[PDB]
């Protein structure tokens, strides 16, 4: 028998976890046939760290039974509870093999594929079911579902959904079906097809992805297009902007070991100052070398130490020293080093704050960060803007497209 635990979470500003499931059949990435409400992601340095774990089933929250609850009501209740939430949790007994709570089987993939086929082919197309299933499974499970779908229908799932869907919802769903590396590779290819119209997407991806992520992107890009990503970047960029993006795309940044090199932190800070604000012009290769080669924790401390020498911080110094695509690239890079979840929170705010929506940016971030740091993004967003990321999506989008984005958000804050 599973064990029931009592857990108290202090919001700061949210609960630091996401949920999936519900009585309407969303499923979840752990026990999809169980209709309960499941914890899916837990923010590692957050309010629920070392209290909740992925796969935990919520039985009760602040005196409300969560057995036989709709997903949207669970989202509402957990967000609406003030300050402190007392949960009753059901957790399966596990040993050294941590990952056994994810009991997703090959038949789960078959049943998911069958239910998606039924939704695709029913009168009017059942977009609610398609969105409910695919946004409440992991990316790995979506690969399993697509394989099972083709085995049953002799037709590719992506092709069937392209015919059944349209508009922004089609963009979201087709993006979710690709592996993380496939999605980034295809977004990079799309950005270089314009050749000067969408450097923002190239900059966003290349500046924010880690060594391991860029290694896989480079491999998958070559497999998908029979061309080296570096060669297409060179053909798409020029000047020092080309040099910066080529260096970043190699994904050969130093990884920070166990020792903080305080002497090098000070020397890098002085070198960045001497190469820019202190002198006429700019020594751009020095900026490129330091900001692409040093580890991220090292550069976080470098940028702080830089403020000891310079009247302007690193971001303001960039705006004073360089212009154009090069300036944009440096500003994005420094934000990604300083606080990557805040970087994406600001980009999400920018994509929705004004008239209409920059749907291309909103979709790309919600898809690509849904299984990386969405909870950290949500925390920074709520702390800065006062309302949740969920709230902004709710006000800027509508219909099944809105619902898909809200599922990728993982909950309200």
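Residue numbers count along the first chain shown, from 1.
Taking the mean C-alpha B-factor of each stretch as recorded, 104-112 and 213-221 are not equal, and the higher mean is that of 104-112.
Between 262-270 and 150-158, it is 150-158 that carries the larger average Cα temperature factor according to the deposited entry.
Ranking 247, 290, 333, 254 by the C-alpha B-factor listed in the PDB entry places 254 at the top. Of the candidates 379, 26, 368, 351, it is 26 whose Cα B-factor is highest according to the PDB record. Remark: residue 413 belongs to the middle third of its chain, ranked by C-alpha B-factor as recorded. Among the modelled residues of its chain, residue 60 has a C-alpha B-factor that falls in the middle third according to the deposited record. Looking at the C-alpha B-factors along this chain, the one for residue 307 belongs to the middle third.
Ranked within its chain, residue 41 lands in the lowest third, by CA B factor from the PDB record. Ranked by C-alpha B-factor against the other modelled residues of its chain, residue 16 falls in the lowest third.
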